[PDB]
Amino acid sequence: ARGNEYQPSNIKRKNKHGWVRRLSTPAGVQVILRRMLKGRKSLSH
Amino acid sequence: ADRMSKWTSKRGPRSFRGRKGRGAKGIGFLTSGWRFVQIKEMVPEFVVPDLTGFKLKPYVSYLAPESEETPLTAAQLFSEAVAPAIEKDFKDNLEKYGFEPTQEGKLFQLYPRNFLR
Amino acid sequence: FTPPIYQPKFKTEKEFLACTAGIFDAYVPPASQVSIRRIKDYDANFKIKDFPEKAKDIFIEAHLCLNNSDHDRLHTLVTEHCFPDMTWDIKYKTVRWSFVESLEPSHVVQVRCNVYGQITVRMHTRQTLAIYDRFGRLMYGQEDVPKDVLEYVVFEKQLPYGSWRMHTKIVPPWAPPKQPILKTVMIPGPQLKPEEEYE
Amino acid sequence: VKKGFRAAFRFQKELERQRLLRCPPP
Amino acid sequence: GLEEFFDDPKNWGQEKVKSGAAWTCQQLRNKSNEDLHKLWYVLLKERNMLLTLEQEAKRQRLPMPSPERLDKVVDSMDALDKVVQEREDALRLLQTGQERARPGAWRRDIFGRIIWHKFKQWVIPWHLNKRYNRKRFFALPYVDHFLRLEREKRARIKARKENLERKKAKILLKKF
Amino acid sequence: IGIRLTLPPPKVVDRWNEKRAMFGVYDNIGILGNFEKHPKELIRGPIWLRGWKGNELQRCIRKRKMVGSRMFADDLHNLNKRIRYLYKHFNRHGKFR
Amino acid sequence: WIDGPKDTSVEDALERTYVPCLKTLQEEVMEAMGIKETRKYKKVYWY
Amino acid sequence: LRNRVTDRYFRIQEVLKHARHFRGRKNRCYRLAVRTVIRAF
Amino acid sequence: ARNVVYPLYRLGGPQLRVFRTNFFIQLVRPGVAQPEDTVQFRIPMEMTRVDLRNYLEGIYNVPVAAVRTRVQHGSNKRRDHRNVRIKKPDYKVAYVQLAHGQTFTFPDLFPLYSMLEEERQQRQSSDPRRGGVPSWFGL
RNA sequence: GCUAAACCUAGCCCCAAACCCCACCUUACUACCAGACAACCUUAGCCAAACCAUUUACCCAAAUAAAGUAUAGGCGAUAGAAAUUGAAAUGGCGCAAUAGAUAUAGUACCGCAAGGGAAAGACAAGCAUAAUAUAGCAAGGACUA
RNA sequence: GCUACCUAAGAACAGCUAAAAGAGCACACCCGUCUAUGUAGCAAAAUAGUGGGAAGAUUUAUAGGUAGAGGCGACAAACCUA
RNA sequence: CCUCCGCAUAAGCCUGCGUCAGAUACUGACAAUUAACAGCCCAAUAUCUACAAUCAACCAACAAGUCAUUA
Ligand SMILES: [Mg+2]
Ligand SMILES: [Mg+2]
Ligand SMILES: [Mg+2]
Ligand SMILES: [Mg+2]
Ligand SMILES: [Mg+2]
Ligand SMILES: [Mg+2]
Ligand SMILES: [Mg+2]
Ligand SMILES: [Mg+2]
Ligand SMILES: [Mg+2]
């Protein structure tokens with residue numbers, strides 16, 4: 001019954017975790033800054 | 001869920017796949033009814049010369065002498081292109097020698113560059 | 001409820017030249033002054049009347065080295081074209097080769113010629129052989145009784161620091177058959193597939 | 001690798017003793 | 001014609017094709033603009049033929065005959081491009097004083113980093129461009145801590161590298 | 001098996017290299033040089049513990065006091081946390097009162 | 001060395017046809033090939 | 001790992017030698033050997 | 001041209017001209033049967049079919065009747081020893097139909113050691129009657 | 001005799017000194033139309049006070065000393081000055097692949113996400129050779145055994 | 001991206017009976033009454049049969065919204081990525 | 001002998017049983033999905049638009065149902 005909580009959709013993915021949404025708020029900008037500081041290959045989703 | 005693979009136009013839903021391109025430069029615009037109007041002037045016209053009788057070839061004979069690389073500079077170009085006329089007219093308004101005050105009005109403006117390659 | 005813990009996937013995805021090609025001109029046993037000069041002009045010091053003594057010494061010393069598997073010396077004693085023949089089949093078995101007084105004096109036969117020397121020397125000596133196994137049991141030749149050996153040994157030399165090394169031994173078709181071997185041998189016939197019949 | 005020499009030398013001595021026991025010289 | 005995409009039929013199957021030398025920058029600097037224009041397409045046709053050969057060799061699982069021809073042609077075209085670029089750069093410096101063909105500016109992005117923002121071409125002015133004004137060319141004060149942290153990460157990497165170099169040098173001196 | 005099977009490469013020590021040979025020189029700079037310099041001024045090391053000694057808490061306090069402004073951000077955060085932890089441990093833990 | 005069919009002769013490779021001028025390759029080639037362009041490049045904004 | 005023990009082999013062998021004539025893993029495994037050697041002594 | 005900024009065109013402006021084309025194409029053998037008038041090319045991704053038509057008609061004087069293009073995805077499935085995906089590049093494929101009934105077929109391109117060979121000739125394989133005894137010795 | 005076992009530098013730690021082409025904010029990495037929203041605002045709490053409720057040290061801009069002094073404080077846990085005084089200037093009794101950085105890498109992998117985050121490179125145990133013999137913490141005293 | 005509720009704009013609902021129905025029987029579809037199996041399973045809630053609803057207060061795809069002392073809740077302290 | 005199965009679209013995934021060569025639907029190389037289907041639109045300013053749908057004709061209503069064009 002459970003386990004399939006991920007029902008993928010690229011529209012939702014980009015609108016929820018994308019670069020534009022991350023930059024849309026100061027908190028998300030700090031998210032990107034933390035990922036850059038850590039050296040993440042993928043900064044946003 | 002694939003964060004590492006490059007985002008291309010093959011990935012999203014129909015709207016995403018239609019909207020994203022592959023880097024090809026635009027050729028025209030879209031009107032009502034999604035009819036594409038192609039602008040002729042937007043299409044890169046290849047200026048291909050006539051190669052009949054041309055003597056140069058893709059390769060150079062190894063018998064050619066070696067030389068020292070001397071990258072062209074603004075000073076060298078000025079000396080070899082403007083200095084002779086300047087001297088000949090000084091011994092005897094810089095537009096006469098080639099200088100143009102502004103690039104505006106030219107087809108091939110040097111800055112901001114407005115021509116391909 | 002406690003959710004299950006998954007171990008990392010990586011633990012379970014792991015997965016595991018100074019030689020020549022034989023003989024330039026093969027001597028056929030039952031006018032080489034040009035090649036004599038062609039070797040003299042490059043070596044500047046050579047004696048045909050004294051070469052057979054050196055050739056015999058080199059031959060005998062290499063055959064003695066084969067007794068103790070002195071491969072370091074054998075490399076310098078024989079050519080690389082000959083070394084696999086010298087030391088391959090003799091591996092993992094003791095050979096008791098020994099030398100006894102020769103029967104007739106050694107003499108040169110013929111010489112020919114980036115540039116590689118070549119000297120064919122005829123010897124008719126007397127030798128002893130005893131080839132054993134890994135386990136030390138005789139399999140070829142009595143160790144005590146000597147045998148008479150007729151050999152046509154061809155030396156090769158590098159033409160700047162190389163010397164005259166055993167290159168190839170010419171065995172004439174008329175040479176007598178070699179010593180018989182102690183153990184018997186089976187030689188299978190042509191193997192037959194299921195659809196094939198013996199004829 | 002652990003720094004030090006004494007343990008390694010002790011092990012070499014014990015190996016030599018065991019070798020002498022297994023294949024004593026004539 | 002399409003035959004220009006392939007070598008001379010006599011060369012098909014030859015294990016090696018004899019080729020001259022790549023054009024050098026100095027050799028090209030003596031040629032006219034028209035001569036460079038024509039040589040560009042000569043080299044382009046040769047490059048297309050060589051790329052066709054390379055792809056067909058891969059398809060047939062065979063080595064490409066004289067693969068260094070492609071390297072020579074690429075070097076020649078790079079030299080020609082560099083020569084033309086040198087001439088254009090000199091002309092631009094003479095007539096405008098600009099060392100760069102494309103306009104740009106040093107700007108601080110939303111992440112506090114200094115970047116060379118290369119200008120783009122627009123039909124409307126920037127104060128009217130809606131998409132442009134969404135882009136932020138300033139860093140708010142919450143970026144300062146991350147700027148310091150990035151600087152210190154760079155400093156740590158540099159210090160590690162320099163210490164390692166000195167230690168390697170000492171090891172070499174002790175060895176010899 | 002927690003033992004190496006080979007002898008480690010021999011360690012050669014030059015007891016008479018310049019450092020060892022001149023070790024100790026000028027340790028009496030004060031009593032033999034009219035006390036112009038104190039021997040502790042011969043010590044080379046961290047600026048916050050040249051001619052000074054203390055336990056870990058005192059060392060950390062001194063480091064923060066003397067070079068805290070020059071410390072990297074996360075190093076200084078670690079030092080602050082360490083001072084807090086050491087304060088708690090030294091003033092609230094232990095067998096003795 | 002023997003020149004192949006796609007190798008320039010040394011004299012051709014060394015011919016100094018370059019006349020130092022104040023013209024870009026583009027405009028020089030336009031003049032040489034006789035291409036005529038009367039339309040004026042409209043100004044654009046850079047930013 | 002400033003100071004590491006390098007003698008643990010010999011420390012283990014001192015007990016295992018007394019344990020060598022035991023039955024089962026008591027003659028091999030130090031955890032089991034040491035308990036039975038103490039009982040033996 | 002590719003990797004260059006195109007000058008922005010406005011109505012009534014000059015024709016866009018490229019003098020030193022940056023596009024290099026490859027004529028490739030089709031992997032499937034194609035009509036005799038169809039030629040297959042591998043193309044830079046930034047090249048449109050109009051660009052290809054002009055390119056072939058100007059640099060090669062090939063009368064082009066039709067051009068179709070498709071972006072072939074390159075496999076991202078292969079992984080190196082570090083388990084990192086290796087991306088085979090995507091590439092554009094053009095199908096060019098020649099004009100005036102002209103026909104094209106991909107041409108049939110591709111239509112010490114001496115000492116080793118002579119030693120292999122002179123191997124002198126051991127005879128079965130020799131029973132592993134080295135035959136080099138003359139005794 | 002298998003499995004194994006071992007190795008030494010890949011690097012790292014602490015100091016010192018020194019101040020360190022093109023694309024991409026739209027669905028980022030997307031050549032090319034009407035902007036205008038544009039930022040600022042006491043940390044709290046864990047914890048100590050053996051509960052807890054006031055209270056309970058925290059980059060300071062010269063170390064030392066004054067001094068844990070004056071002071072503060074459910075005057076209790078604890079907190080705590082200043083006046084004044086005036087320090088000079090490329091190395092390791094660090095680690096050596098479970099250590100030293102998490103690091104071969106912020107990769108693989110895990111998570112929707114924020115995040116989390118590895119491993120590794122150069123005769124131990126387990127078995128086999130060789131299953132087992134009444135009775136028992138498996139040993140000890142022994143015994144020719 | 002589950003789930004709860006909501007917003008925008010969609011879609012599905014055989015056949016018979018009945019006649020404009022929160023109607024009847026019963027497919028698709030939704031659910032989960034009872035039994036059995038399964039219980040490291042096919043499954044971190046499944047299977048088989050049985051059963052309830054099945055033109056509605058229905059089911060459902062897409063996009064959006066409400067965020068932690070908060071949300072949402074036909075209140076089970078239910079649900080808000082096992 | 002068996003199946004509310006199958007084929008397509010959507011969504012998702014991203015080359016994941018095509019060929020060849022080495023291994024025991026794995027590895028490597030080579031190839032491939034071609035626009036008419038679908039997506040990617042609209043030059044604006046104003047001003048316009050009460051009259052459901054349910055075979056839309058009768059009958060049947062209430063829960064009152066985007067249809068946006070023209071100068
Ligand atoms: Mg859903
Ligand atoms: Mg298409
Ligand atoms: Mg308390
Ligand atoms: Mg480690
Ligand atoms: Mg064992
Ligand atoms: Mg019905
Ligand atoms: Mg009903
Ligand atoms: Mg409800
Ligand atoms: Mg209740």
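Proteins get letters first, then strands, A, B, ... in listed order; numbering begins at 1 in each. Note that these values count all heavy atoms, side chains included, but never hydrogens, waters or copies made by symmetry.
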Practice task
With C1' as the reference atom in both, quote the distance from K:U35 to K:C2 in angstrom, rounded to an integer.
Solution key: 31 Å
Practice task
Rounded to whole angstrom, note down the P distance from K:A43 over to L:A31.
Solution key: 42 Å
Practice task
Mark yes or no: E:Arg100 above the aromatic ring of E:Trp116, with NZ or CZ under 6.0 Å from the six-membered ring centre and no more than 45 degrees from the axis.
Solution key: yes
Exercise for the section: Could you work out which one of J:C25, L:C14, J:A113 sits closest to the side chain of A:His45? Expected result: J:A113
Problem - Base stack present between L:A25 and L:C26, cut-offs 5.5 angstrom and 30 degrees - result: no
Handout entry: Output field: ring centroids F:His89/F:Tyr87 closer than 6.0 Å
Key = no
Practice task
Return the nucleotide paired to K:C5: Watson-Crick means purine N1 to pyrimidine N3 with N6-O4 or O6-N4, wobble means G-U with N1-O2 and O6-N3, both under 3.5 Å.
Solution key: K:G65
Problem - E:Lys170 side-chain proximity, nearest of L:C40, J:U90, J:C109 - result: J:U90
Exercise for the section: Would you sort out whether F:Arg4 and F:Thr6 count as a side-chain hydrogen bond (donor to acceptor under 3.5 Å, both in side chains), showing the intermediate values? Expected result: CA-CA 6 Å; F:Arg4 48 177 310 137; F:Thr6 58; 3.2 Å; yes
Problem - Check ion pair C:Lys9-C:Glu13 (N to O, under 4.0 angstrom) - result: no
Practice task
Could you measure between the two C1' atoms, the one in K:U7 and the one in L:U66, and give it in whole Å?
Solution key: 15 Å
Problem - L:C14 phosphate, OP1 or OP2, under 4.0 Å from I:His73 side-chain N/O - result: no
Exercise for the section: Kindly check if K:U33 and K:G32, neighbours in the strand, have base rings whose centres sit closer than 5.5 angstrom and whose planes are less than 30 degrees apart? Expected result: no
Problem - Torsion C1'-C2'-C3'-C4' of L:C26, interpreted as north if positive, south if negative - result: north
Problem - 5′-ward residue of the pair I:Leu8/E:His127 relative to RNA chain J - result: I:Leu8
Problem - Stacking status for step K:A11-K:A12 (5.5 Å, 30° cutoffs) - result: yes
Fill in the blank from the handout: Paired with I:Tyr95, the side chain to side chain donor-acceptor pair (under 3.5 Å) test is passed by just one of I:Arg70, I:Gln34, I:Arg49, I:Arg68, namely I:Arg70
Problem - L:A21: pairing nucleotide in any strand, Watson-Crick or G-U under 3.5 angstrom - result: L:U27
Problem - I:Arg29 with E:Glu56: basic N within carboxylate O range, under 4.0 Å - result: yes
Practice task
Verify the stacking flag for B:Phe16 against J:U27: centroid separation must be under 5.5 angstrom and the ring planes must differ by under 30 degrees.
Solution key: yes
Practice task
Determine the interatomic distance between P on K:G1 and the same-named atom on K:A78; round to the nearest Å.
Solution key: 24 Å
Problem - NZ/NE/NH1/NH2 to OD/OE distance under 4.0 Å, E:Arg113 and E:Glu150 - result: no
Handout entry: Output field: Watson-Crick/G-U pair J:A23 J:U78, thresh under 3.5 Å
Key = no
Fill in the blank from the handout: Looking only at J:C29, J:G111, J:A63, the nucleotide nearest the B:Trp7 side chain is J:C29
Problem - Adjacent bases K:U35, K:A36 meet stacking criteria of 5.5 Å and 30° - result: yes
Practice task
Residues of residues 26-38 of chain H with any non-hydrogen atom less than 4.0 angstrom from an atom of RNA chain J: list those, numerically ordered, please.
Solution key: H:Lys26, H:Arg28, H:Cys29
Fill in the blank from the handout: Letter by letter from the 5' end, nucleotides 14-20 of chain J scores (B base, S sugar-phosphate only, - none; protein heavy atoms under 4.0 Å) BBS--BB
Problem - Phosphate contact (L:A29 OP1 or OP2) by I:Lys88 side-chain N/O below 4.0 Å - result: yes
Exercise for the section: Mind telling me whether E:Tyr132 and E:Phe137 have parallel, tilted or perpendicular rings, with 30° and 60° as the class edges? Expected result: tilted
Fill in the blank from the handout: Whole-Å distance, H:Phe41 CZ to J:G141 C1', equals 15 Å
Practice task
Could you please spell out the steps behind the ring pair (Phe, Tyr, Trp, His ring centres under 6.0 Å) verdict for G:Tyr47 and E:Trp122?
Solution key: CA-CA 8 Å; G:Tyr47 55 86; E:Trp122 312 87; 5.4 Å; yes
Exercise for the section: Establish, with yes or no, whether the OP1 or OP2 oxygen of J:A48 is under 4.0 angstrom from a side-chain nitrogen or oxygen of F:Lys88. Expected result: no
Problem - is_pair(K:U81, K:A61) Watson-Crick or wobble, both dists under 3.5 angstrom - result: no
Problem - Cationic N near anionic O, under 4.0 Å, E:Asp81 to B:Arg117 - result: yes
Problem - G-U wobble or Watson-Crick pairing nucleotide for K:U39 (cut-off 3.5 Å, both distances) - result: none
Handout entry: K:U50 to K:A18 separation - P atoms, rounded to the nearest Å
Key = 28 Å
Handout entry: Glycosidic conformation of K:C31, taking syn as within 90° of 0 and anti otherwise
Key = anti
Problem - J:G68 and J:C75 base-paired, Watson-Crick or G-U, both contacts under 3.5 Å - result: no
Problem - Gap in Å between the two P atoms, one belonging to L:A52 and one to L:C40, rounded - result: 35 Å
Problem - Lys/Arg N to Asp/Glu carboxylate O, I:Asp90 vs B:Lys6, below 4.0 Å - result: no
Problem - Distance below 4.0 Å between A:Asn10 side-chain N/O and L:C13 OP1 or OP2 - result: yes
Exercise for the section: May I have the step-by-step check of side-chain hydrogen bond (donor to acceptor under 3.5 Å, both in side chains) for A:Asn15 and A:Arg21, ending in yes or no? Expected result: CA-CA 7 Å; A:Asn15 289 359; A:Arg21 188 184 178 88; over 6 Å; no
Practice task
Report yes if a side-chain nitrogen or oxygen of B:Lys20 is closer than 4.0 Å to either non-bridging phosphate oxygen (OP1 or OP2) of J:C29; otherwise report no.
Solution key: yes
Fill in the blank from the handout: Ranking E:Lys130 and B:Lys25 by the position along RNA chain J of their nearest nucleotide, the one closer to 5' is B:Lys25
Practice task
Both distances under 3.5 Å, Watson-Crick or G-U wobble: report the partner of J:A88, or none.
Solution key: none
